[PDB]
Each structure stands twice: as C-alpha cells, then as structure tokens.
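Engineer:
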Amino acid sequence: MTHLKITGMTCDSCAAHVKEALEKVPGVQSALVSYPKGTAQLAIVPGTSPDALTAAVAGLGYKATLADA
Ligand SMILES: [Hg+2]
Numbered sequence: 201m202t203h204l205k206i207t208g209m210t211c212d213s214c215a216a217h218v219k220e221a222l223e224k225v226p227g228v229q230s231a232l233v234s235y236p237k238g239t240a241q242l243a244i245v246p247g248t249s250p251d252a253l254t255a256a257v258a259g260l261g262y263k264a265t266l267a268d269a
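The working numbering numbers the first residue of the sequence shown as 201 and each following residue consecutively.
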C-alpha cells in the first residue's frame, strides 16, 4: 500500500538521506528504502497520507511516486 518508487536518484545516498528526512517526520516508524531496487517501503502510522511522504521526498529535491506496483 505505502511503498513508493524513487526516480530522482535511486543510488545509495539519496535512498538514505530521504530515509533520514522521512524518519525525521513524526508518524514514521521506519523508512525501508532499497537502493539496488529503487523502492521506498514506508512503515508509517495510518493516517499519514502517502502522497504527503512522496511530497516530502519531492520537496527534498528528489523525485518519487506513490506506486505500490
Ligand atoms: Hg542517488
């Protein structure tokens, strides 16, 4: 449900600082980002909009899309 795909740089750097920024957001338990896949598995509290986290990543200067497939 809440696993997004990263596009604005997927390598092992952005897929880590994004995790940091994500985990810095209250309501986030774990941001399971995978660089060799380009996937962000967000373990957030229900209620936190997926598009909001995606927007947070977008506002982080990177690009992601809420796409569970
Ligand atoms: Hg990268």
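Where a beta carbon is used, it is the ideal one built from N, C-alpha and C, also for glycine.
For ligand 1, which residues have a Cβ under 5 Å from at least one heavy atom, in chain order?
Structural biologist: After applying the 5 Å Cβ criterion, the set is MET209, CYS211, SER213 and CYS214.
Engineer: Starting from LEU222, follow the beta strand (DSSP E) in both directions and report where the run begins and ends.
Structural biologist: Run containing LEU222: none in the beta strand (DSSP E); it sits in the alpha helix (DSSP H), 214-223.
Engineer: Which residue's Cα is closest to the Cα of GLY238: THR202, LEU253 and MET209?
Structural biologist: Among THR202, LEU253 and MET209, the Cα nearest to that of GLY238 belongs to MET209.
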